[PDB]
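Those protein sequences? They're chains A and B, same order as listed. First residue of the first sequence: 945, per the working numbering; consecutive thereafter. First residue of the second sequence: 23, per the working numbering; consecutive thereafter.
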Amino acid sequence: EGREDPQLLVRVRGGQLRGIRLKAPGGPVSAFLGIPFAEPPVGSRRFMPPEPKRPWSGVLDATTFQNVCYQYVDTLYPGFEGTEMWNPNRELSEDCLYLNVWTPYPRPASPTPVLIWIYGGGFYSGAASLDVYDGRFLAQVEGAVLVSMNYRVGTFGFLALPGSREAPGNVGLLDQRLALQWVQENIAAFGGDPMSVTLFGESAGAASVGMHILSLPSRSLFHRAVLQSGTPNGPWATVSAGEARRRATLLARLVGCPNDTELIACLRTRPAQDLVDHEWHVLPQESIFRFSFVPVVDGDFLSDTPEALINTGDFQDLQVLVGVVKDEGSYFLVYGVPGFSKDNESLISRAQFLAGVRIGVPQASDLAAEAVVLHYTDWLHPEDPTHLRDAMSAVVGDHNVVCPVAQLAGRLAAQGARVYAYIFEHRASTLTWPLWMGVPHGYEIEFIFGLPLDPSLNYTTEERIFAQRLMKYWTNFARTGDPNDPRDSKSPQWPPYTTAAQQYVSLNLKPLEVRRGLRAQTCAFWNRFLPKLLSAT
Amino acid sequence: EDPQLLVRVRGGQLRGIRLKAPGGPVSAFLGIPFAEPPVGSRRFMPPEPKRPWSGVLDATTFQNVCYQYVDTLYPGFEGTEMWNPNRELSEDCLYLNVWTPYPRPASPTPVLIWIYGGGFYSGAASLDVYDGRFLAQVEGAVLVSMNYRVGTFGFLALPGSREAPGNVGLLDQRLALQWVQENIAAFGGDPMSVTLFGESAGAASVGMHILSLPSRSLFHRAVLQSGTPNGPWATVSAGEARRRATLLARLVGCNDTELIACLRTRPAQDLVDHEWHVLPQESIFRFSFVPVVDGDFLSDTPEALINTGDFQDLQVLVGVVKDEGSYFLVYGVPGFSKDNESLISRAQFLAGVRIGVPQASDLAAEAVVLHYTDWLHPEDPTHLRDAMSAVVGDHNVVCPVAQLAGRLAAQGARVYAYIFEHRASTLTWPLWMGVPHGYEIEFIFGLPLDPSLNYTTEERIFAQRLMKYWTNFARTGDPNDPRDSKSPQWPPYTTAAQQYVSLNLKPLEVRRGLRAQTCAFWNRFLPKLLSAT
Ligand SMILES: Cc1ccc(C(=O)NCCCCC[n+]2ccccc2/C=N/O)cc1[N+](=O)[O-]
Ligand SMILES: Cc1ccc(C(=O)NCCCCC[n+]2ccccc2/C=N/O)cc1[N+](=O)[O-]
Ligand SMILES: *[C@@H]1O[C@H](CO)[C@@H](O)[C@H](O)[C@H]1NC(C)=O
Ligand SMILES: *[C@@H]1O[C@H](CO)[C@@H](O)[C@H](O)[C@H]1NC(C)=O
Ligand SMILES: *[C@@H]1O[C@H](CO)[C@@H](O)[C@H](O)[C@H]1NC(C)=O
Ligand SMILES: *[C@@H]1O[C@H](CO)[C@@H](O)[C@H](O)[C@H]1NC(C)=O
Ligand SMILES: [Cl-]
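Structural data, given as structure tokens:
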């Protein structure tokens, strides 16, 4: 040391760190980027649970984001911002278990409520270093301590031969847990309060949060949780041990590998790209909103299905914020349902709707499919292309997010949790996806993190004010278990979601409007009737 | 003698009677025999034409009511008694009634023929709500109504037997239609313009005449109020008819010939006493002896026939009342009564769905319950009550009607559809029942025009509108007044726009889709489901 900035030097369990002073619109923040929290899970450690990072010597430079965990990269629309913004923005490597910290500058004087972000990406993709996950705005404007970690995705994170020692499954979730332990031991050195840790995540990140809620060793590592557009329950976030075994075995065959020990040993000799290049090929049916390698119900991390666990758990101690965007499903249609594209209006035919339902509900028998079609058909205009288009999107949206969220909120509420629910209805003026996609999956995130406060990003003034409201809701919830501003009454209030009143709020440019019932009739179909229908055919 | 009251028909001379309607006199000829009394060995048999008679047959009085069960659930109560027989019971009951204006029309006049309902187990053409004088006086109509055999006497069947072939109550109707062709011209009626109209089982009967070729040369237009030949209650298979007839026989102590012979020795009331005991399930809106798919009067099931028929020649007016189901709940479903608000629990609601949909599997009944529950208030007694009613009305009338309208329109027919939403100010059933099954009829027949019935002025004005639509439909096949040039008008029901009108105190309103989402469930999904279970 000596001639550097004394307000950026910090020590953690593993050694000394040097961070960097970043500019946010309203003033400086402290960033500590690319802190290793585990031994690199490379070589003989592929598919293995992470081990704690061994201490380093000297001052580790923590001024740049580290490698992105090895993953599939999206090529559907080359150079198109709407997809590229989700793509990896650092080198791909199996050596990727690093986390990031943003704090006020100078670091706070008294212990400060901590937010931990867990990114989504269907458990096959994602990075804590993407622009839309920039912690500088929350840190500066709200004083937050924000932590985001990389966790293994795809095969490296979730390939499992359940019961084996060399590929037990869920190691990507264990990566997340280790970072949560890391925060408990170390965040006080940044001025963070380890006794006030709130998780939040979107999509698969949201399901991840749900799984930490349902896994008792994680429960002592956080106090509050936010789930954006994702649930541990539902049709995509988990797979049985049997199906995980089948998928892992198939992928092995596809890449040359013929006793679990031998199979896995062969898999470890494969280049990481050979695994990625065959990842999408092990799905049992033509599907959208399905992902090959995801958490497995192993009887360990998850002692039973999420459905069983949320049905029979005590949650009096728990405060959760859950919600959805207006058009959860539209995004997914163009990655598989014939007739859909980002470059036209995607008006489809009844025939294409019927084919789309089979793809969006890949597990449905012919009867169950017909039930879906009859429910979502408008029988005053059963062949109107526009209606069939938006119905296809609603089928995928409802089945995958909105009704799993509706069930989660309902079960948690019935079992003592304090639940707050929202629907996010504002479409970013900057959005590059077509209008027909409305407010797609993932496009509330940039507002929660407060990107519109960045003048160079060309958001409107109203969007700027909006983002600020949202940042207050999330941070007030992190601080108190309550999104409402205590020092405020004039602004409309956000009631808890109950089973009796089923209240939730609209989040848009207008002030909070309280609504009752979260697709109540339609989710009764998905959550109550469909399972019995499938079970009888 | 008044020459206006003397008519000669092919069977001999009739004398009728002059009756007062609020705006003037009408000629009525009541109690005209159109068949040989279907008594003794002629029980369960096809009717035969009435033999000629000497002198002048007195036709100034309603004849006897076909032998039937009499309702006793609420003894003395106007709301039920108004449907009970108002003349003596007799198997000797095959007679019809004719109202015409006074004096007899000088031009041949459109004929309306009323077929009563009563679940094929009851009914009579002599009920006060079927009084034809108002239509005859105000609209100058010639109106005809016949008694037809009901219950075991009209529909007990041993398919394929000669002595109980089934459907004879429908042949009773057909013979009266033939009679009208042969004789109505003597009353001033136009045999070349005959419109059937009927309600509930009557509507269904009308529907079956549409689907039976020998009936088609006897009428030109049809009105089906709150009833269809398709659906769950209007017909039974040959096998199920055989089963019920055999069970009834067993129950009263009885080779087909020998079975039916013993049945013919049984006093009438002995059959009625066990009539309601041959149903396969604990049911409501389900009747023991109804038309049978004999492969003769009905060459195939009504759904097969309306699915394949050519109805380009046809004009039809069809409709429903607001609360088709309410009436029936108090006749079986625990929790329901006319004497309290019938607020039920969720348990009772599930229990009542099994009774309202007797043929549903566990899964199918769960589907009904899940579809009709308001999940914003899944346990609210008022919603559950009103939903129980809706299940029964939608399953049995509204969706069957919507299917018929749809298939007829798609296959060339000219269709007009309504929903009747005015509740009679004189109604004696409780408010929660709303506008029950049957309570449009008194308005169509023009009863409010009678000062002594204490209807309101607006209800009088409304009855005159309804009589206008119905008679205009009879004259032209189009219920719209060809002189009233003010919008809106009653548009044709089509498969595309699915337009129908509301009938109430306010001017016609045009709506689209007759419970389309809900009827898609009943008409399209449920049958896949019962089948798959
Ligand atoms: C190997 C592979 C490759 C593509 C898929 C696949 O389903 N692609 C469709 C696009 C999904 C959307 C991703 N996304 C975009 C923005 C914000 C969040 C998210 C994810 N939220 O969870 C699936 C696989 N696979 O699992 O085999
Ligand atoms: C032997 C018997 C006795 C009673 C029933 C039965 O279902 N009773 C319930 C009441 C039905 C409503 C009758 N009704 C009332 C006013 C206006 C029209 C109508 C009928 N429209 O069609 C059924 C049987 N049975 O069939 O065996
Ligand atoms: C939109 O484009 C896709 C791919 O180019 C195509 O499959 C689809 O038919 C198109 N739809 C319309 C309505 O142009
Ligand atoms: C904002 O608008 C300016 C106008 O010149 C443009 O140059 C810039 O690229 C825009 N930024 C974004 C993020 O769209
Ligand atoms: C209404 O009355 C009937 C019989 O009198 C009874 O069985 C039923 O429980 C009552 N309903 C209510 C809601 O009290
Ligand atoms: C009409 O009301 C009067 C009482 O004002 C009553 O005397 C008469 O009997 C009523 N008529 C009918 C048919 O109810
Ligand atoms: Cl005689």
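For each residue, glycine too, the CB sits at the ideal point set by N, CA and C.
9 Å Cβ cutoff, residue 1467(A) in contact with chain B: Stepping through the first sequence from its first residue, residue 1467(A) is reached at position 523. Yes, residue 1467(A) lies at the interface with chain B (some Cβ there is under 9 Å from its Cβ).
Test item: CB-CB of residue 1062(A) and residue 1095(A) under 9 Å: Start at 1 with the first residue of the first sequence, and residue 1062(A) comes out as number 118. Start at 1 with the first residue of the first sequence, and residue 1095(A) comes out as number 151. Yes, the pair counts as a contact, with Cβ atoms nearer than the cut-off.
Within-9 Å CB hit, residue 255(B) to chain A: For the purposes of this step, residue 255(B) is identified with residue 233 of the second sequence, where counting begins at 1. Chain A, which has no Cβ nearer than 9 Å to the Cβ of residue 255(B), makes this no.
Whole runs of the beta strand (DSSP E) within the segment 1124 to 1151 of chain A, excluding any shorter than 3 residues: 1136 to 1146
Sub-9 Å separation of residue 1351(A) and residue 1254(A) beta-carbons: Taking the first sequence and counting its residues from 1, one reaches residue 1351(A) at position 407. Taking the first sequence and counting its residues from 1, one reaches residue 1254(A) at position 310. Going by C-beta atoms, residue 1351(A) is nearer than 9 Å to residue 1254(A).
Residue 1504(A): first and last residue of the uninterrupted beta strand (DSSP E) it sits in: This structure cannot speak to residue 1504(A), because chain A is shown only from 945 to 1481.
Endpoints, alpha helix (DSSP H) assigned at residue 1044(A): Indexing the first sequence from 1 puts residue 1044(A) at position 100. Residue 1044(A) -> not in any alpha helix (DSSP H); beta strand (DSSP E) instead, spanning 1042 to 1048.
Short Cβ contact (9 Å threshold) for residue 209(B) with residue 94(B): Against the second sequence, residue 209(B) aligns to sequence position 187. Against the second sequence, residue 94(B) aligns to sequence position 72. Going by C-beta atoms, residue 209(B) is not nearer than 9 Å to residue 94(B).
DSSP three-state assignment for residue 51(B), whether helix, strand or coil: Your numbering for residue 51(B) matches position 29 in the second sequence. Here residue 51(B) sits in strand by DSSP.
Chain-ordered chain A contacts of residue 554(B) [CB-CB under 8 Å]: Taking the first residue of the second sequence as 1, we reach residue 554(B) at position 532. The contacting residues are 1311, 1480, 1481.
Contact list for the segment 1010 to 1039 of chain A against chain B, Cβ threshold 8 Å: none
Rounded separation between residue 1203(A) and residue 1069(A) - CA only: Against the first sequence, residue 1203(A) aligns to sequence position 259. Against the first sequence, residue 1069(A) aligns to sequence position 125. Straight-line Cα distance between these residues: approximately 30 Å.
beta-carbon residue 1405(A) near ligand 4 non-hydrogen atom, thresh 8 Å: Within the first sequence, numbered from 1, the residue matching residue 1405(A) stands at position 461. No, the Cβ of residue 1405(A) stays beyond 8 Å of every heavy atom of ligand 4.
Cβ distance (whole Å) where residue 1182(A) is taken to contact residue 1240(A) below 8 Å: Taking the first sequence and counting its residues from 1, the one referred to as residue 1182(A) is at position 238. Taking the first sequence and counting its residues from 1, the one referred to as residue 1240(A) is at position 296. Contact holds; Cβ gap of about 7 Å.
Chain-ordered residues of the segment 1428 to 1452 of chain A with a beta carbon less than 8 Å from chain B: 1446
Contacts of residue 1357(A) in chain B (Cβ-Cβ under 9 Å): Indexing the first sequence from 1 puts residue 1357(A) at position 413. The premise fails here: residue 1357(A) is roughly 15 Å from chain B at the closest Cβ pair, so nothing lies under 9 Å.
Contact test: residue 356(B) Cβ vs ligand 5 heavy atom, cutoff 8 Å: In the second sequence, counting from the first residue as 1, residue 356(B) sits at position 334. For ligand 5, at least one heavy atom lies less than 8 Å from the Cβ of residue 356(B).
C-beta neighbour in chain B for residue 1321(A), strict 9 Å: The residue you call residue 1321(A) lines up with position 377 of the first sequence. True, the Cβ-Cβ gap to chain B drops below 9 Å.
For residue 222(B), the nearest candidate out of 242(B), 139(B), 158(B) (CA to CA): The count along the second sequence starts at 1 and reaches residue 222(B) at position 200. For the residues 242(B), 139(B), 158(B), the minimum Cα distance to residue 222(B) belongs to 139(B).
For residue 1267(A), the three-state DSSP class (helix, strand or coil): Counted from its first residue, the first sequence places residue 1267(A) at position 323. Of the three classes helix, strand and coil, the one that applies to residue 1267(A) here is strand, per DSSP.
Endpoints, the alpha helix (DSSP H) within which residue 294(B) is located: Numbered from its first residue, the second sequence carries residue 294(B) at position 272. Residues 290 to 297.
Partners in chain A for residue 428(B), counting only beta-carbon separations shorter than 8 Å: The residue given as residue 428(B) occupies position 406 in the second sequence. Those within 8 Å of residue 428(B) in chain A number zero; the least Cβ separation is about 10 Å.
CB-CB length for residue 190(B) against residue 333(B), believed under 8 Å: By one-based count along the second sequence, residue 190(B) stands at place 168. By one-based count along the second sequence, residue 333(B) stands at place 311. Not a contact, Cβ separation roughly 26 Å.
Closer than 7 Å at the beta carbon, the chain A residues around residue 8(B): Since the first residue of chain B shown is 23 and the last is 555, residue 8(B) is not available in this structure.
Burial state of residue 27(B), where buried means 16 or more other Cβ atoms lie within 10 Å: Working through the second sequence from its first residue, we reach residue 27(B) at position 5. Buried, by the Cβ-count rule.
Residue interval of the alpha helix (DSSP H) (run including residue 414(B)): On the second sequence, position 392 is the one that residue 414(B) refers to. Run containing residue 414(B): 403 to 415, per the alpha helix (DSSP H) assignment.
Chain-ordered residues, beta carbon under 6 Å from a heavy atom of ligand 6: 474(B), 475(B), 476(B)
Beta carbon nearer than 5 Å to a non-hydrogen atom of ligand 5: 359(B), 362(B), 365(B)
Chain-ordered chain B contacts of residue 1461(A) [CB-CB under 8 Å]: Position 517 of the first sequence, counting from 1, holds the residue named residue 1461(A). Within chain B, the residues near residue 1461(A) are 397, 398.
Buried versus exposed, by CB contacts within 10 Å (16 or more), residue 1160(A): In the first sequence, residue 1160(A) corresponds to position 216, counting from 1. Residue 1160(A) should be labelled exposed.
Check: residue 1385(A) C-beta below 8 Å from any heavy atom of ligand 1: Residue 1385(A) sits at position 441 when you count from the first residue of the first sequence. At least one heavy atom of ligand 1 is nearer than 8 Å to the Cβ of residue 1385(A), so yes.
Contiguous alpha helix (DSSP H) assignments of at least 4 residues, all confined to the segment 1279 to 1315 of chain A: 1294 to 1304
Per-residue DSSP class, three states only, for residue 1017(A): Translated into positions along the first sequence, residue 1017(A) becomes position 73. Looking at residue 1017(A) - three-state DSSP - the assignment turns out to be coil, as it is neither helix nor strand.
Length of the line joining the Cα atoms of residue 294(B) and residue 346(B): As a working note, residue 294(B) is residue 272 in the second sequence. As a working note, residue 346(B) is residue 324 in the second sequence. Distance between the alpha carbons of residue 294(B) and residue 346(B) is about 26 Å.
Residue 1478(A) - containing beta strand (DSSP E), residue span: Locating residue 1478(A) in the first sequence gives position 534, where the first residue counts as 1. Taken as a continuous stretch (DSSP letters only), residue 1478(A) belongs to no beta strand (DSSP E), being part of the alpha helix (DSSP H) at 1474 to 1479.
CB contact check: residue 1477(A) to chain B, cutoff 9 Å: Here the question's residue 1477(A) lines up with position 533 in the first sequence. So yes, residue 1477(A) belongs to the interface.
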